[PDB]
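Take a look at this one chain, the form deposited in one PDB entry, written out in C-alpha cells.
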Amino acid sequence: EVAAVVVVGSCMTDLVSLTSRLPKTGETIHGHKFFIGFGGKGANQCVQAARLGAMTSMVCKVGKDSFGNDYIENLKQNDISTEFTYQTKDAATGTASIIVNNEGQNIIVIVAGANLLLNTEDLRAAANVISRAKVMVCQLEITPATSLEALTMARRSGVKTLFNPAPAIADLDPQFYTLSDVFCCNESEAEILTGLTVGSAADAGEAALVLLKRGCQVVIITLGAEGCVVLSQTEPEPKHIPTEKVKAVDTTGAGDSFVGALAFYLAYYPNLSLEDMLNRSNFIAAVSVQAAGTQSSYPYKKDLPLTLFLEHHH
C-alpha cells in the first residue's frame, strides 16, 4: 500500500510554439502551431516509474495558478501520490517556453518559479514517506540545497539514492557524489562535470571513471542511440550496453524515461543484475523515442513485453 519510489524535484509546464524561422531581436513572427505539455525532470521520471506500475510520491512545489492545478491533476491521472505536492501564492508554476523551427533548432527560456521555493521544512514533513521508500530520486532543477537534504534523509534511513545532475553545474558540491548510490547523466553533462570531451563511448568510459573516483557507488552515462555506459566501485571497468536501432520520431525526455525506468527496477526488482536493469531501461526509453510528446510517449506496462517484468530464481 506504501510508496516505493519518491521523487523530490521539479514540475514545469512546457509551452511550445512551432515556426518556420526563429525570430531575431525586436521581431514579431507568426508560428503555425502551439502546444502545452507537462514537463520537468522530476515529474517526468516519476510518471515513467508510475506507468510501469510503481507506487510513487512526487514531492514538489507548484503555483497557486491554472498551470499548478492542472499539474496536480496530471499527477493524479497517472496514479502518483500528491500528498507532498505543495502549492504557493508566492511564485508561478515553473515554465519552459520553447520556440522551434523547421530544422529542429530551438530557443528555450526556463523560469523555475515555484520549484525554487521547495525548501527544507517542506521535505521534513515528508520524512515518513521518504524513510519507508525503496528509492529516492533527485535532479538539479530545484534548489541544490534541497536535493542535497533529500539525499541525506534517504541515506540516513537506508534508502537507495538515484541522482541525476541535470542540468549540470560546473562546480557541483562534492557531497552529491558521496551521497549517490547511483549517479546517472548524459554525455554533455559529463563534459561539464569533468572538464573532458565526450565524443565516443570510450570517452564516456573515461569521464565516468573520474566521477566514480569522486565517491559515487555506481556511475551510468546515457549516450542516445548508443545506449549507455556503466561502472561501479566493485566493477570499475567501463561496460558499454548498446540498444537495438529504431526510427527515432522524438527523443525529447528520453533521459527522464530511462531514469524513471531505472528507479522502477531498483525499487521492485533489487536482485536483478545492474546490466539487466540497464538493458530493460534502455528498451523502455527507446519505446519513448518512437513517439512525440515527452510524457505522452512514455509507455505503460500493459503496452510492453511481459518479460520486462519477470525475473528468474537467483
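Numbering starts at 1 and follows the sequence shown. Just so we're on the same page, rigid core means the largest C-alpha set that superposes within 1.5 Å between forms.
Relative to one another, 1-9 and 305-313 have unequal mean CA B-factors, and 305-313 is the one with the higher figure. Averaged over Cα atoms, the B-factor as recorded in the entry is higher for 211-219 than for the other of 211-219 and 118-126. The entry lists C-alpha B-factors for 250, 70, 27, 256, and the highest of these is at 27. Of the residues listed, 141, 90, 79, 206, the entry assigns the biggest Cα temperature factor to 206. When the modelled residues of the chain are ordered by their C-alpha B factor, residue 180 lands in the middle third. Among the modelled residues of the chain, residue 147 sits in the lowest third by CA temperature factor in this PDB entry. Residue 231: CA B factor in the highest third of modelled residues in this chain (values from the PDB entry). Among the modelled residues of the chain, residue 174 sits in the highest third by CA temperature factor in this PDB entry. The deposited CA B-factor of residue 96 belongs to the lowest third of values across its chain.
Another form exists, deposited in another entry; not displayed. Remarks below refer to it.
With the core fitted between the shown form and the other one, just one of 148, 99, 172, 210 shows a Cα displacement of at least 2 Å, namely 99. Once the rigid core is overlaid between the shown form and the other one, residue 275 does not reach a Cα shift of 2 Å, moving by less than that.
Comparing the forms between the shown form and the other one, the C-alpha position of residue 290 differs by less than 2 angstroms, with the core used for superposition. Here residue 53 does not count as shifted, since its C-alpha moves by less than 2 Å between the shown form and the other one after the core is aligned.
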